[PDB]
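Colleague: Please read through the structure below; I'll follow up with questions.
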Amino acid sequence: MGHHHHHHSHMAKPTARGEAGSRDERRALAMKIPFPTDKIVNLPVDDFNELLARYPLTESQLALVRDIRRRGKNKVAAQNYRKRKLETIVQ
């Protein structure tokens, strides 16, 4: 009976990338964000609000964008950090 000799062709596509390997980058491509994480941080609240409304994002995606905005901004907050002290009782 039909001992049919099967055939398969071989292909090869080169994934030419140039990334630094940042944390938020993996967040974006996983939750499928159509705009860069750095832009989310560096843009002001005005442009940021429109940036969200312009792109087809879910409530979960928007939730991520709101966090990433803060994650990158926290690096600037490290310089703009409000210094204080809680009156600690020593022995």
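Going through the structure tokens in order, the chains are called A, B, and so on, while each chain numbers its residues from 1 and the ligands are numbered from 1 in the order shown.
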Let's see if you can do this: from backbone DSSP, list all helix (DSSP H, G or I) residues in region 25-79 of chain A, as a PyMOL selection string.
Modeller: chain A and resi 25-31+37-42+45-54+59-77
Colleague: Counting only C-alpha atoms, which residue out of A:40, A:53, A:16, A:1 sits closest to residue 28 (chain A)?
Modeller: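 Distance minimum relative to residue 28 (chain A) lands on A:40.
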Colleague: Give me the residues near residue 51 (chain A) as a count of residues only, where near means some atom within 12 Å (using only C-alpha atoms) and where sequence neighbours in that chain fewer than 4 positions away do not count.
Modeller: 19
Colleague: Compile the contact shell of residue 32 (chain A) as a list in words: residues with an atom at most 10 Å away, counting only C-alpha atoms, same-chain residues fewer than 5 positions apart removed.
Modeller: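 The contact residues come out as residues 26, 27, 57 and 61 of chain A.
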Colleague: Rank A:38, A:91, A:85, A:49 by their smallest atom-to-atom distance to residue 69 (chain A), using only C-alpha atoms, and report the top residue only.
Modeller: A:38
Colleague: In Å, how far is it from CA of residue 31 (chain A) to CA of residue 59 (chain A)?
Modeller: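 Interatomic distance here is 11.3 Å.
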Colleague: Of the candidates A:17, A:54, A:70, A:3, which one gets nearest to residue 42 (chain A) if we count only C-alpha atoms?
Modeller: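 Going through A:17, A:54, A:70, A:3 one by one, the smallest distance to residue 42 (chain A) is for A:70.
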Colleague: In terms of the shortest atom-to-atom distance over only C-alpha atoms, which of A:30, A:87, A:50, A:23 is closest to residue 72 (chain A)?
Modeller: A:23
Colleague: Could you jot down the CA of residue 75 (chain A) to CA of residue 25 (chain A) separation for me, Å, one decimal place?
Modeller: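 Rounded to one decimal, the two atoms are 16.2 Å apart.
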